[PDB]
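As provided, my_file38.pdb (PDB, C-alpha atoms) reads as follows.
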```pdb
MODEL        1
ATOM      1  CA  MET A   1     -21.366   8.939 -29.400  1.00  0.00           C
ATOM      2  CA  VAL A   2     -21.091  10.596 -25.997  1.00  0.00           C
ATOM      3  CA  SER A   3     -18.345   8.652 -24.197  1.00  0.00           C
ATOM      4  CA  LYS A   4     -15.676   6.022 -24.800  1.00  0.00           C
ATOM      5  CA  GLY A   5     -17.502   3.670 -22.443  1.00  0.00           C
ATOM      6  CA  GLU A   6     -21.131   3.562 -23.611  1.00  0.00           C
ATOM      7  CA  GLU A   7     -20.537   0.914 -26.276  1.00  0.00           C
ATOM      8  CA  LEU A   8     -19.052  -1.439 -23.666  1.00  0.00           C
ATOM      9  CA  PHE A   9     -22.496  -1.690 -22.010  1.00  0.00           C
ATOM     10  CA  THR A  10     -24.854  -2.207 -24.975  1.00  0.00           C
ATOM     11  CA  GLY A  11     -25.283  -5.934 -24.280  1.00  0.00           C
ATOM     12  CA  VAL A  12     -25.078  -8.306 -21.303  1.00  0.00           C
ATOM     13  CA  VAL A  13     -21.805  -7.918 -19.376  1.00  0.00           C
ATOM     14  CA  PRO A  14     -20.412 -10.506 -16.915  1.00  0.00           C
ATOM     15  CA  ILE A  15     -19.713  -9.133 -13.431  1.00  0.00           C
ATOM     16  CA  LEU A  16     -17.276 -10.141 -10.695  1.00  0.00           C
ATOM     17  CA  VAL A  17     -17.497  -8.640  -7.196  1.00  0.00           C
ATOM     18  CA  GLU A  18     -14.718  -9.239  -4.661  1.00  0.00           C
ATOM     19  CA  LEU A  19     -14.964  -7.797  -1.144  1.00  0.00           C
ATOM     20  CA  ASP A  20     -12.343  -8.101   1.592  1.00  0.00           C
ATOM     21  CA  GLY A  21     -13.962  -7.081   4.869  1.00  0.00           C
ATOM     22  CA  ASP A  22     -12.899  -6.219   8.418  1.00  0.00           C
ATOM     23  CA  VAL A  23     -15.587  -5.126  10.905  1.00  0.00           C
ATOM     24  CA  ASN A  24     -14.395  -4.729  14.511  1.00  0.00           C
ATOM     25  CA  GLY A  25     -11.699  -7.273  13.625  1.00  0.00           C
ATOM     26  CA  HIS A  26     -14.107  -9.897  12.271  1.00  0.00           C
ATOM     27  CA  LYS A  27     -12.386 -10.718   8.978  1.00  0.00           C
ATOM     28  CA  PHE A  28     -14.544 -11.888   6.080  1.00  0.00           C
ATOM     29  CA  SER A  29     -14.582 -12.109   2.291  1.00  0.00           C
ATOM     30  CA  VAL A  30     -17.459 -12.050  -0.204  1.00  0.00           C
ATOM     31  CA  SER A  31     -17.410 -13.183  -3.839  1.00  0.00           C
ATOM     32  CA  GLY A  32     -20.140 -12.280  -6.305  1.00  0.00           C
ATOM     33  CA  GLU A  33     -20.953 -13.435  -9.815  1.00  0.00           C
ATOM     34  CA  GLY A  34     -23.650 -12.355 -12.236  1.00  0.00           C
ATOM     35  CA  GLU A  35     -24.362 -10.114 -15.182  1.00  0.00           C
ATOM     36  CA  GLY A  36     -25.454  -6.579 -15.972  1.00  0.00           C
ATOM     37  CA  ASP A  37     -27.712  -5.319 -18.742  1.00  0.00           C
ATOM     38  CA  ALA A  38     -27.461  -1.521 -18.679  1.00  0.00           C
ATOM     39  CA  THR A  39     -29.902  -1.219 -21.586  1.00  0.00           C
ATOM     40  CA  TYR A  40     -32.567  -2.143 -19.008  1.00  0.00           C
ATOM     41  CA  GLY A  41     -30.740  -0.852 -15.921  1.00  0.00           C
ATOM     42  CA  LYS A  42     -30.688  -4.454 -14.773  1.00  0.00           C
ATOM     43  CA  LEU A  43     -28.400  -6.323 -12.361  1.00  0.00           C
ATOM     44  CA  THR A  44     -28.476  -9.988 -11.328  1.00  0.00           C
ATOM     45  CA  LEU A  45     -25.834 -11.055  -8.811  1.00  0.00           C
ATOM     46  CA  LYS A  46     -25.283 -13.958  -6.438  1.00  0.00           C
ATOM     47  CA  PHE A  47     -22.929 -13.293  -3.521  1.00  0.00           C
ATOM     48  CA  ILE A  48     -21.260 -15.887  -1.281  1.00  0.00           C
ATOM     49  CA  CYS A  49     -19.450 -15.354   2.003  1.00  0.00           C
ATOM     50  CA  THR A  50     -16.314 -17.383   1.273  1.00  0.00           C
ATOM     51  CA  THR A  51     -15.052 -17.214   4.873  1.00  0.00           C
ATOM     52  CA  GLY A  52     -18.095 -18.757   6.588  1.00  0.00           C
ATOM     53  CA  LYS A  53     -20.986 -16.884   8.186  1.00  0.00           C
ATOM     54  CA  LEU A  54     -21.208 -13.226   7.240  1.00  0.00           C
ATOM     55  CA  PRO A  55     -20.551 -11.257  10.465  1.00  0.00           C
ATOM     56  CA  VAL A  56     -22.890  -8.410   9.392  1.00  0.00           C
ATOM     57  CA  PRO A  57     -26.370  -8.530   7.818  1.00  0.00           C
ATOM     58  CA  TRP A  58     -26.465  -9.003   4.044  1.00  0.00           C
ATOM     59  CA  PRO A  59     -28.726  -5.920   3.503  1.00  0.00           C
ATOM     60  CA  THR A  60     -26.046  -3.643   5.017  1.00  0.00           C
ATOM     61  CA  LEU A  61     -23.673  -4.626   2.175  1.00  0.00           C
ATOM     62  CA  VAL A  62     -26.050  -4.088  -0.768  1.00  0.00           C
ATOM     63  CA  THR A  63     -24.847  -0.590  -1.671  1.00  0.00           C
ATOM     64  CA  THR A  64     -21.183  -1.626  -1.319  1.00  0.00           C
ATOM     65  CA  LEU A  65     -21.415  -4.780  -3.450  1.00  0.00           C
ATOM     66  CA  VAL A  69     -21.673  -1.113  -9.943  1.00  0.00           C
ATOM     67  CA  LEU A  70     -23.675   1.937 -10.992  1.00  0.00           C
ATOM     68  CA  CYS A  71     -22.205   1.759 -14.497  1.00  0.00           C
ATOM     69  CA  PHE A  72     -25.133  -0.603 -15.148  1.00  0.00           C
ATOM     70  CA  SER A  73     -27.676   2.162 -14.527  1.00  0.00           C
ATOM     71  CA  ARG A  74     -29.945   2.949 -17.458  1.00  0.00           C
ATOM     72  CA  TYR A  75     -29.342   6.523 -18.557  1.00  0.00           C
ATOM     73  CA  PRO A  76     -32.129   7.640 -20.929  1.00  0.00           C
ATOM     74  CA  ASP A  77     -31.127   9.193 -24.237  1.00  0.00           C
ATOM     75  CA  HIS A  78     -31.502  12.793 -23.035  1.00  0.00           C
ATOM     76  CA  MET A  79     -29.286  11.910 -20.021  1.00  0.00           C
ATOM     77  CA  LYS A  80     -26.341  10.076 -21.585  1.00  0.00           C
ATOM     78  CA  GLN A  81     -24.118  13.163 -21.262  1.00  0.00           C
ATOM     79  CA  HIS A  82     -24.523  12.799 -17.474  1.00  0.00           C
ATOM     80  CA  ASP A  83     -23.308   9.166 -17.276  1.00  0.00           C
ATOM     81  CA  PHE A  84     -20.024   9.562 -15.406  1.00  0.00           C
ATOM     82  CA  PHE A  85     -19.890   5.854 -14.552  1.00  0.00           C
ATOM     83  CA  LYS A  86     -19.744   4.474 -18.085  1.00  0.00           C
ATOM     84  CA  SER A  87     -17.567   7.333 -19.342  1.00  0.00           C
ATOM     85  CA  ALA A  88     -14.695   6.269 -17.047  1.00  0.00           C
ATOM     86  CA  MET A  89     -14.633   2.781 -18.643  1.00  0.00           C
ATOM     87  CA  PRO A  90     -12.724   0.633 -19.431  1.00  0.00           C
ATOM     88  CA  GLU A  91     -10.036   2.102 -17.143  1.00  0.00           C
ATOM     89  CA  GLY A  92     -12.660   2.662 -14.468  1.00  0.00           C
ATOM     90  CA  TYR A  93     -13.355   4.698 -11.366  1.00  0.00           C
ATOM     91  CA  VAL A  94     -12.759   4.556  -7.642  1.00  0.00           C
ATOM     92  CA  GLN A  95     -15.868   4.503  -5.446  1.00  0.00           C
ATOM     93  CA  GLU A  96     -15.436   5.439  -1.790  1.00  0.00           C
ATOM     94  CA  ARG A  97     -18.021   5.647   0.976  1.00  0.00           C
ATOM     95  CA  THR A  98     -18.473   6.163   4.655  1.00  0.00           C
ATOM     96  CA  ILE A  99     -21.676   4.494   5.866  1.00  0.00           C
ATOM     97  CA  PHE A 100     -22.736   5.746   9.312  1.00  0.00           C
ATOM     98  CA  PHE A 101     -25.073   3.389  11.174  1.00  0.00           C
ATOM     99  CA  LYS A 102     -27.045   5.541  13.607  1.00  0.00           C
ATOM    100  CA  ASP A 103     -26.074   4.769  17.230  1.00  0.00           C
ATOM    101  CA  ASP A 104     -23.706   2.053  15.936  1.00  0.00           C
ATOM    102  CA  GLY A 105     -20.453   1.786  14.003  1.00  0.00           C
ATOM    103  CA  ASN A 106     -19.524   2.876  10.515  1.00  0.00           C
ATOM    104  CA  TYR A 107     -18.184   1.279   7.348  1.00  0.00           C
ATOM    105  CA  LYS A 108     -15.381   2.822   5.311  1.00  0.00           C
ATOM    106  CA  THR A 109     -15.286   1.367   1.794  1.00  0.00           C
ATOM    107  CA  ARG A 110     -12.929   1.856  -1.142  1.00  0.00           C
ATOM    108  CA  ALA A 111     -13.646   0.129  -4.442  1.00  0.00           C
ATOM    109  CA  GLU A 112     -12.177  -0.021  -7.928  1.00  0.00           C
ATOM    110  CA  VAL A 113     -14.755  -0.588 -10.683  1.00  0.00           C
ATOM    111  CA  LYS A 114     -13.143  -1.422 -14.009  1.00  0.00           C
ATOM    112  CA  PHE A 115     -12.990  -3.945 -16.812  1.00  0.00           C
ATOM    113  CA  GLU A 116     -10.603  -6.888 -16.654  1.00  0.00           C
ATOM    114  CA  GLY A 117     -10.935  -8.263 -20.154  1.00  0.00           C
ATOM    115  CA  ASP A 118     -14.643  -8.633 -20.888  1.00  0.00           C
ATOM    116  CA  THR A 119     -15.626  -8.758 -17.199  1.00  0.00           C
ATOM    117  CA  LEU A 120     -16.743  -5.733 -15.200  1.00  0.00           C
ATOM    118  CA  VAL A 121     -15.024  -6.056 -11.810  1.00  0.00           C
ATOM    119  CA  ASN A 122     -15.926  -4.421  -8.484  1.00  0.00           C
ATOM    120  CA  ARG A 123     -12.985  -4.891  -6.070  1.00  0.00           C
ATOM    121  CA  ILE A 124     -13.785  -3.645  -2.564  1.00  0.00           C
ATOM    122  CA  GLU A 125     -12.005  -3.127   0.725  1.00  0.00           C
ATOM    123  CA  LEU A 126     -14.338  -2.534   3.687  1.00  0.00           C
ATOM    124  CA  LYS A 127     -13.329  -1.376   7.182  1.00  0.00           C
ATOM    125  CA  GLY A 128     -15.830  -1.247  10.036  1.00  0.00           C
ATOM    126  CA  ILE A 129     -15.106   0.318  13.439  1.00  0.00           C
ATOM    127  CA  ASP A 130     -16.987   1.140  16.656  1.00  0.00           C
ATOM    128  CA  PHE A 131     -19.753  -1.417  16.175  1.00  0.00           C
ATOM    129  CA  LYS A 132     -21.603  -2.894  19.136  1.00  0.00           C
ATOM    130  CA  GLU A 133     -20.755  -6.597  19.286  1.00  0.00           C
ATOM    131  CA  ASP A 134     -24.283  -7.194  20.614  1.00  0.00           C
ATOM    132  CA  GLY A 135     -25.995  -4.490  18.535  1.00  0.00           C
ATOM    133  CA  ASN A 136     -28.415  -4.765  15.631  1.00  0.00           C
ATOM    134  CA  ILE A 137     -25.670  -5.183  13.009  1.00  0.00           C
ATOM    135  CA  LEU A 138     -23.167  -7.584  14.579  1.00  0.00           C
ATOM    136  CA  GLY A 139     -26.122  -9.257  16.323  1.00  0.00           C
ATOM    137  CA  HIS A 140     -27.933  -9.943  13.025  1.00  0.00           C
ATOM    138  CA  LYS A 141     -31.190  -8.234  13.997  1.00  0.00           C
ATOM    139  CA  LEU A 142     -32.008  -6.782  10.557  1.00  0.00           C
ATOM    140  CA  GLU A 143     -34.639  -8.126   8.173  1.00  0.00           C
ATOM    141  CA  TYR A 144     -33.514  -9.684   4.886  1.00  0.00           C
ATOM    142  CA  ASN A 145     -35.184  -7.144   2.598  1.00  0.00           C
ATOM    143  CA  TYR A 146     -34.626  -3.824   0.849  1.00  0.00           C
ATOM    144  CA  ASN A 147     -36.459  -0.674  -0.244  1.00  0.00           C
ATOM    145  CA  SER A 148     -36.507   1.500  -3.344  1.00  0.00           C
ATOM    146  CA  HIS A 149     -34.613   4.779  -3.244  1.00  0.00           C
ATOM    147  CA  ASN A 150     -33.932   7.990  -5.131  1.00  0.00           C
ATOM    148  CA  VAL A 151     -30.329   9.192  -4.822  1.00  0.00           C
ATOM    149  CA  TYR A 152     -29.116  12.635  -5.889  1.00  0.00           C
ATOM    150  CA  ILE A 153     -25.847  12.445  -7.822  1.00  0.00           C
ATOM    151  CA  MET A 154     -23.939  15.728  -7.749  1.00  0.00           C
ATOM    152  CA  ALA A 155     -20.875  16.843  -9.660  1.00  0.00           C
ATOM    153  CA  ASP A 156     -17.595  17.092  -7.750  1.00  0.00           C
ATOM    154  CA  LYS A 157     -15.711  19.381 -10.126  1.00  0.00           C
ATOM    155  CA  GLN A 158     -12.683  19.721  -7.826  1.00  0.00           C
ATOM    156  CA  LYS A 159     -12.184  15.931  -7.959  1.00  0.00           C
ATOM    157  CA  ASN A 160     -13.315  15.566 -11.615  1.00  0.00           C
ATOM    158  CA  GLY A 161     -15.884  13.078 -10.343  1.00  0.00           C
ATOM    159  CA  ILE A 162     -19.185  12.845  -8.508  1.00  0.00           C
ATOM    160  CA  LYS A 163     -20.397  12.849  -4.908  1.00  0.00           C
ATOM    161  CA  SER A 164     -23.598  11.875  -3.137  1.00  0.00           C
ATOM    162  CA  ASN A 165     -25.337  11.857   0.251  1.00  0.00           C
ATOM    163  CA  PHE A 166     -28.300   9.541   0.746  1.00  0.00           C
ATOM    164  CA  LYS A 167     -30.086   7.566   3.450  1.00  0.00           C
ATOM    165  CA  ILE A 168     -30.776   3.835   3.586  1.00  0.00           C
ATOM    166  CA  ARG A 169     -33.271   2.645   6.208  1.00  0.00           C
ATOM    167  CA  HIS A 170     -32.948  -1.014   7.220  1.00  0.00           C
ATOM    168  CA  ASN A 171     -35.793  -2.827   8.969  1.00  0.00           C
ATOM    169  CA  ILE A 172     -34.978  -4.050  12.482  1.00  0.00           C
ATOM    170  CA  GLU A 173     -36.726  -7.222  13.629  1.00  0.00           C
ATOM    171  CA  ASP A 174     -38.429  -5.348  16.491  1.00  0.00           C
ATOM    172  CA  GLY A 175     -40.321  -3.157  14.005  1.00  0.00           C
ATOM    173  CA  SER A 176     -38.079  -0.077  14.154  1.00  0.00           C
ATOM    174  CA  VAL A 177     -35.577   1.096  11.527  1.00  0.00           C
ATOM    175  CA  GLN A 178     -31.796   1.248  11.457  1.00  0.00           C
ATOM    176  CA  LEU A 179     -30.521   4.352   9.655  1.00  0.00           C
ATOM    177  CA  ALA A 180     -27.441   4.049   7.410  1.00  0.00           C
ATOM    178  CA  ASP A 181     -26.211   7.481   6.285  1.00  0.00           C
ATOM    179  CA  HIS A 182     -24.233   7.118   3.048  1.00  0.00           C
ATOM    180  CA  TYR A 183     -21.604   9.596   1.887  1.00  0.00           C
ATOM    181  CA  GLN A 184     -20.081   8.688  -1.500  1.00  0.00           C
ATOM    182  CA  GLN A 185     -17.390  10.034  -3.814  1.00  0.00           C
ATOM    183  CA  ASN A 186     -16.232   8.666  -7.171  1.00  0.00           C
ATOM    184  CA  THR A 187     -13.083   9.627  -9.083  1.00  0.00           C
ATOM    185  CA  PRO A 188     -11.614   8.414 -12.379  1.00  0.00           C
ATOM    186  CA  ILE A 189      -8.836   5.851 -12.344  1.00  0.00           C
ATOM    187  CA  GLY A 190      -5.778   7.183 -14.151  1.00  0.00           C
ATOM    188  CA  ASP A 191      -7.138  10.762 -13.958  1.00  0.00           C
ATOM    189  CA  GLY A 192      -9.736  10.902 -16.703  1.00  0.00           C
ATOM    190  CA  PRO A 193     -11.041  11.801 -19.108  1.00  0.00           C
ATOM    191  CA  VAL A 194     -14.692  11.556 -17.964  1.00  0.00           C
ATOM    192  CA  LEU A 195     -18.024  13.289 -18.408  1.00  0.00           C
ATOM    193  CA  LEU A 196     -18.778  15.613 -15.491  1.00  0.00           C
ATOM    194  CA  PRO A 197     -22.560  15.360 -15.018  1.00  0.00           C
ATOM    195  CA  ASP A 198     -24.956  17.939 -13.817  1.00  0.00           C
ATOM    196  CA  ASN A 199     -26.912  17.034 -10.700  1.00  0.00           C
ATOM    197  CA  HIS A 200     -29.459  14.279 -11.298  1.00  0.00           C
ATOM    198  CA  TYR A 201     -31.318  11.417  -9.640  1.00  0.00           C
ATOM    199  CA  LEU A 202     -30.875   7.679  -9.817  1.00  0.00           C
ATOM    200  CA  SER A 203     -33.971   5.656  -8.968  1.00  0.00           C
ATOM    201  CA  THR A 204     -33.250   2.220  -7.530  1.00  0.00           C
ATOM    202  CA  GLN A 205     -35.154  -0.909  -6.592  1.00  0.00           C
ATOM    203  CA  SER A 206     -33.855  -4.204  -5.270  1.00  0.00           C
ATOM    204  CA  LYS A 207     -35.180  -7.650  -4.379  1.00  0.00           C
ATOM    205  CA  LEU A 208     -33.185  -9.930  -2.070  1.00  0.00           C
ATOM    206  CA  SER A 209     -33.699 -13.691  -2.266  1.00  0.00           C
ATOM    207  CA  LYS A 210     -32.099 -17.028  -1.421  1.00  0.00           C
ATOM    208  CA  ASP A 211     -31.274 -20.078  -3.498  1.00  0.00           C
ATOM    209  CA  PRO A 212     -32.997 -22.903  -1.569  1.00  0.00           C
ATOM    210  CA  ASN A 213     -30.314 -25.302  -2.843  1.00  0.00           C
ATOM    211  CA  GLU A 214     -27.360 -23.162  -1.683  1.00  0.00           C
ATOM    212  CA  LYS A 215     -25.969 -24.259   1.694  1.00  0.00           C
ATOM    213  CA  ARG A 216     -23.419 -21.469   2.138  1.00  0.00           C
ATOM    214  CA  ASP A 217     -24.258 -18.032   3.511  1.00  0.00           C
ATOM    215  CA  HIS A 218     -25.288 -16.030   0.473  1.00  0.00           C
ATOM    216  CA  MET A 219     -27.477 -13.345  -1.096  1.00  0.00           C
ATOM    217  CA  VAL A 220     -29.210 -13.288  -4.480  1.00  0.00           C
ATOM    218  CA  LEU A 221     -29.781  -9.730  -5.720  1.00  0.00           C
ATOM    219  CA  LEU A 222     -32.035  -8.440  -8.501  1.00  0.00           C
ATOM    220  CA  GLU A 223     -31.681  -4.700  -8.916  1.00  0.00           C
ATOM    221  CA  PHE A 224     -32.839  -1.993 -11.337  1.00  0.00           C
ATOM    222  CA  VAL A 225     -31.290   1.485 -11.495  1.00  0.00           C
ATOM    223  CA  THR A 226     -32.548   4.247 -13.796  1.00  0.00           C
ATOM    224  CA  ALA A 227     -31.421   7.839 -14.198  1.00  0.00           C
ATOM    225  CA  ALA A 228     -34.792   9.371 -13.341  1.00  0.00           C
ATOM    226  CA  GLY A 229     -33.918  12.781 -14.758  1.00  0.00           C
ATOM    227  CA  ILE A 230     -32.549  16.119 -13.584  1.00  0.00           C
ATOM    228  CA  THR A 231     -35.489  16.502 -11.186  1.00  0.00           C
TER     229      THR A 231
ENDMDL
END
```
Can you dump the structure from the file as structure tokens?
Amino acid sequence: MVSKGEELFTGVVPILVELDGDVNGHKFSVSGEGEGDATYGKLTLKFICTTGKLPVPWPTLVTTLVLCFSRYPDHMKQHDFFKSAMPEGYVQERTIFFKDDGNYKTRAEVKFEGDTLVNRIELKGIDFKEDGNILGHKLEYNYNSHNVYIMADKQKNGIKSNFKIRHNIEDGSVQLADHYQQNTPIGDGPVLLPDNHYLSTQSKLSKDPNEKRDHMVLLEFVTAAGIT
């Protein structure tokens, strides 16, 4: 009723995530498979580092590795920019600033290829400390729940957001990751321009005890909490 993309998400949708990564010159690639069920705001994904050992901690990649699977309640479906850009899709770009360490620059295309929702990412990381908490793998394998404020970016016919992720360091302190995000339609529209609103997130990271490769299992729920 509201957008050309809502009907594409009414059932379970297969997902493919492909990340090509370059942090300080450490080249790596990550492949993810799973499914999304936007009716319940639900994501299940298993990611594998296809190049060997991941050179950064898995938690630092969670936000980079498909908000079109957020559950928008009925009174919020006019604010669902992510589904409205489908099937052609949207570009999602971020700078992630790790406090007193380096930063990631990410550019992603989120779009359907056939029946599969694809997230194709390029990640660049610069100015990291080779012995620091990130490249030194000093972060705990866990995640917190967040509320993120999505704001309209009328000039770009998309959305923008600033939010903070706090990763646990093994010494009992936290590593701050300042996220700046912008999304824009692929093929220049049309899309729904939302008013400002919150997404509420929660994530559980786990491992497959049978899987020998470096990997991350992710179970995540995202819900449009409302305008306030």
Which of these, A:19, A:99, A:222, A:89, has the shortest distance to residue A:191 once you count all atoms listed in the file?
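When distances to residue A:191 are compared using all atoms listed in the file, the smallest one comes from A:89.
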The PyMOL selection byres ((chain A and resi 166-173) around 6) resolved against shown file, as an NGL selection string:
:A and (141-143 or 151 or 165 or 174-182)
Determine, counting all atoms listed in the file, which protein, DNA and RNA residues have an atom within 6 Å of an atom of residue A:94; residues of the same chain fewer than 4 positions away are not included. Present the result as a ChimeraX atom specification.
/A:111-112,186-187
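Here the question is which of A:31, A:22, A:121, A:84 gets nearest to residue A:106 using all atoms listed in the file, and that residue is A:22.
Atom CA of residue A:40 lies 12.6 Å from atom CA of residue A:70.
Take atom CA of residue A:16 and atom CA of residue A:156: the distance between them is 27.4 Å.
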Using the chain letters and numbers from the file, which residues does the PyMOL selection byres ((chain A and resi 23) around 12) grab, as a PyMOL selection string?
chain A and resi 20-22+24-29+54-57+61+104-109+125-133+137-138
Taking only C-alpha atoms into account, which of A:30, A:228, A:113, A:65 comes nearest residue A:91?
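Between A:30, A:228, A:113, A:65, the residue approaching residue A:91 most closely is A:113.
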